[PDB]
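Notes follow once the structure below has been shown.
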Amino acid sequence: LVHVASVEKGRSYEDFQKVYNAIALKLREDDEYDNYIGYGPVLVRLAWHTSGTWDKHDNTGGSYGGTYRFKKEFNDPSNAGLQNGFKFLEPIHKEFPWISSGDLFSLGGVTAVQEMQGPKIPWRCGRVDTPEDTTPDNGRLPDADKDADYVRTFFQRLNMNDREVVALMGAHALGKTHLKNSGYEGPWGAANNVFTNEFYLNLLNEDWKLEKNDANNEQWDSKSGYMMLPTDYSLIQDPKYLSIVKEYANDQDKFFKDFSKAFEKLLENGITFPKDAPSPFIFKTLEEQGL
Ligand code: HEM
């Protein structure tokens, strides 16, 4: 399939900065969600789940079509808990009804990362809603009860290499697992609504114990109260992933640069940008605007 980006009619940078600002102001306002984590992490997870359905082999799924709005994908068991992110974005979409669903879900993730003090993520507009019959089937998102070989093979379908995989997984600095959503419980670290390289530091520095949670699933726990999924821990079991974990644990700037590239790529997979499409936009944070 070919999905050509088409700019929302007449819109330019200033329009999308206004959407960014509305998301960012609501992140500030709705700060109590999930015991004062706020909505930043769930919006990043939503951006990953809506883009992470992509299949490079046939260009199905991905961010372009905005198909999470349809029942089949909305009710994917892998998407449990993401309804909170969708409901957050509802009043944004009502204020800016011209933005496509795919542009909104992906911009939500960009805004959340930046407003949580993460790297700038260049972002391109022009995803176009596609009909219900284009919704990918359930089962395209990854399982957490797996090893490094599973992780590596899984991410090949998204055209991600080892460095891109390890960089993307650093988003697990954010938020937490919730037993009723995923069968896992606990946060990955302490500063879980600020985007940092703490995921890699915790992997390397904590004393992890393989325990069973209350859903009878194995997860790695530390005495500080942190947790890692089996797939997270696989990044220090595999020697190639381990080298990259060590790199990002020792170089915050390199992690930010590599995450920004990999996250933009994730959100753009499947999309053909015409020769005369606008350049990627770099949005100012509220702090940078004095707002
Ligand atoms: C092997 C790959 C991955 C697996 C197996 C995985 C699995 C999970 C699981 C089980 C949860 C807990 C959901 C819940 O209980 O609420 C979670 C949360 C989360 N995921 Fe991942 N994930 C992966 C990769 C990614 C990537 C690539 C990103 C973004 C770049 C991401 C972003 C997040 C965020 C931010 C949260 C926290 C959400 C919240 O606090 O509500 N994940 N993931």
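Ligands are numbered from 1 in the order shown, chains are lettered A, B, ... in the order of the structure tokens, and residues start at 1 in each chain.
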
Next on the checklist: Taking only C-alpha atoms and all ligand atoms into account, which residues have an atom no farther than 6 Å from ligand 1? I'd like them as number ranges by chain.
Outcome noted: A: 41-42, 44-45, 48, 81, 142-144, 151, 168-169, 171-172, 174-179, 181-182, 184, 231

Next on the checklist: as a ChimeraX atom specification, please: every residue in region 5-109 of chain A that DSSP puts in helix (DSSP H, G or I).
Outcome noted: /A:13-29,33-36,40-51,67-69,71-74,77-79,83-95,101-109

Next on the checklist: Can you tell me which residues surround residue 276 (chain A) at a distance of at most 12 Å, considering only C-alpha atoms, apart from same-chain residues fewer than 4 positions away, and format the answer as a list in words?
Outcome noted: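 Residues meeting the cut-off are residues 4, 5, 6, 7, 272 and 280 of chain A.
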
What does the file look like for those residues with N, CA and C atoms, as a PDB file, in the first residue's frame?
ATOM      1  N   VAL A   4       0.381   8.494   1.060  1.00  0.00           N
ATOM      2  CA  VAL A   4       1.018   9.777   0.781  1.00  0.00           C
ATOM      3  C   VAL A   4       0.526  10.815   1.784  1.00  0.00           C
ATOM      4  N   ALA A   5       1.472  11.479   2.455  1.00  0.00           N
ATOM      5  CA  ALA A   5       1.119  12.538   3.392  1.00  0.00           C
ATOM      6  C   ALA A   5       0.444  13.675   2.638  1.00  0.00           C
ATOM      7  N   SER A   6      -0.648  14.194   3.209  1.00  0.00           N
ATOM      8  CA  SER A   6      -1.425  15.291   2.632  1.00  0.00           C
ATOM      9  C   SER A   6      -1.691  16.292   3.750  1.00  0.00           C
ATOM     10  N   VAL A   7      -1.078  17.470   3.651  1.00  0.00           N
ATOM     11  CA  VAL A   7      -1.232  18.482   4.689  1.00  0.00           C
ATOM     12  C   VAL A   7      -2.695  18.875   4.837  1.00  0.00           C
ATOM     13  N   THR A 272       4.736   8.085   2.863  1.00  0.00           N
ATOM     14  CA  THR A 272       5.491   8.701   1.783  1.00  0.00           C
ATOM     15  C   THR A 272       5.259  10.206   1.848  1.00  0.00           C
ATOM     16  N   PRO A 280      10.054  18.972   8.530  1.00  0.00           N
ATOM     17  CA  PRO A 280       9.564  18.624   9.865  1.00  0.00           C
ATOM     18  C   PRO A 280       9.534  19.850  10.759  1.00  0.00           C
TER      19      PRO A 280
END

Next on the checklist: as a VMD selection string, please: every residue in region 198-275 of chain A that a backbone DSSP assignment puts in strand (DSSP E).
Outcome noted: chain A and resid 209 to 212 218 to 221 227 to 228 271 to 272

Next on the checklist: Excluding residue 163 (chain A) and its own-chain neighbours fewer than 4 positions away, which residues fall within 10 Å of it when counting only C-alpha atoms? Please give them as a ChimeraX atom specification.
Outcome noted: /A:167-168,240-241,243-245,255,258-259,262

Checklist entry - Using only C-alpha atoms, which residue out of A:137, A:73, A:103, A:115 lies closest to residue 39 (chain A)? => result A:115

Checklist entry - Which residue gives the smallest distance to residue 46 (chain A) among A:62, A:225, A:77, A:108, with only C-alpha atoms counted? => result A:108

Any idea what's packed within 10 Å of residue 61 (chain A), counting only C-alpha atoms, ignoring anything in its chain fewer than 3 positions away? Could you give it as a compact mmCIF listing (two decimals) with N, CA, C and O atoms, in the first residue's frame?
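Output contents, as saved in part_11.txt:
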# COMPACT_ATOMS: atom_id res chain seq x y z
N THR A 50 -0.14 2.90 18.61
CA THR A 50 -0.79 3.22 17.35
C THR A 50 0.18 3.16 16.17
O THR A 50 -0.25 2.90 15.04
N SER A 51 1.46 3.42 16.39
CA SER A 51 2.44 3.30 15.32
C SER A 51 3.03 1.90 15.23
O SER A 51 3.49 1.49 14.16
N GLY A 52 3.06 1.19 16.36
CA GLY A 52 3.76 -0.08 16.45
C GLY A 52 3.05 -1.26 15.85
O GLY A 52 3.58 -2.38 15.86
N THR A 53 1.86 -1.04 15.31
CA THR A 53 1.19 -2.05 14.51
C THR A 53 1.75 -2.17 13.10
O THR A 53 1.32 -3.06 12.37
N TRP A 54 2.68 -1.30 12.70
CA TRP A 54 3.15 -1.27 11.33
C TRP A 54 3.85 -2.57 10.95
O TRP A 54 4.55 -3.18 11.76
N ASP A 55 3.67 -2.98 9.70
CA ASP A 55 4.38 -4.14 9.14
C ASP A 55 5.09 -3.67 7.88
O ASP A 55 4.44 -3.33 6.89
N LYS A 56 6.43 -3.64 7.91
CA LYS A 56 7.20 -3.18 6.76
C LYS A 56 6.94 -4.02 5.51
O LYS A 56 7.15 -3.52 4.39
N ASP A 58 4.16 -5.25 4.12
CA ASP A 58 3.01 -4.91 3.30
C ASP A 58 2.46 -3.51 3.58
O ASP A 58 1.46 -3.12 2.97
N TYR A 64 -0.36 6.14 10.07
CA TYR A 64 -0.98 7.01 9.06
C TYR A 64 -2.50 7.07 9.19
O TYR A 64 -3.09 8.15 9.16
N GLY A 65 -3.15 5.91 9.32
CA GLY A 65 -4.60 5.88 9.16
C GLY A 65 -5.41 6.23 10.38
O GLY A 65 -6.62 6.45 10.27
N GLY A 66 -4.79 6.28 11.56
CA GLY A 66 -5.52 6.67 12.75
C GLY A 66 -6.57 5.68 13.18
O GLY A 66 -7.59 6.07 13.77
N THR A 67 -6.31 4.38 12.96
CA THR A 67 -7.33 3.34 13.06
C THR A 67 -7.62 2.89 14.48
O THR A 67 -8.55 2.09 14.66
N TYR A 68 -6.88 3.36 15.49
CA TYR A 68 -7.21 3.06 16.89
C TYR A 68 -8.60 3.57 17.26
O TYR A 68 -9.21 3.06 18.21
N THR A 134 -9.38 -0.88 7.11
CA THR A 134 -7.93 -0.82 7.10
C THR A 134 -7.34 -1.05 8.48
O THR A 134 -6.11 -1.07 8.61
N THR A 135 -8.19 -1.21 9.50
CA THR A 135 -7.71 -1.42 10.87
C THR A 135 -6.94 -2.73 10.92
O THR A 135 -7.48 -3.78 10.52
N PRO A 136 -5.70 -2.73 11.41
CA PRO A 136 -4.98 -4.00 11.55
C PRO A 136 -5.62 -4.88 12.60
O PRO A 136 -6.24 -4.40 13.56
N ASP A 137 -5.47 -6.19 12.42
CA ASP A 137 -5.95 -7.16 13.39
C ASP A 137 -5.11 -7.06 14.67
O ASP A 137 -3.96 -6.62 14.66
N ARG A 140 -0.37 -7.60 16.89
CA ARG A 140 0.84 -7.06 16.29
C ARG A 140 1.75 -6.35 17.28
O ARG A 140 2.87 -5.97 16.91
N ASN A 269 6.99 5.72 9.99
CA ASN A 269 7.03 4.49 9.21
C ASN A 269 5.73 4.33 8.42
O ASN A 269 4.63 4.52 8.94
N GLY A 270 5.88 3.94 7.16
CA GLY A 270 4.76 3.69 6.29
C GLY A 270 4.33 4.87 5.46
O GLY A 270 3.51 4.69 4.56
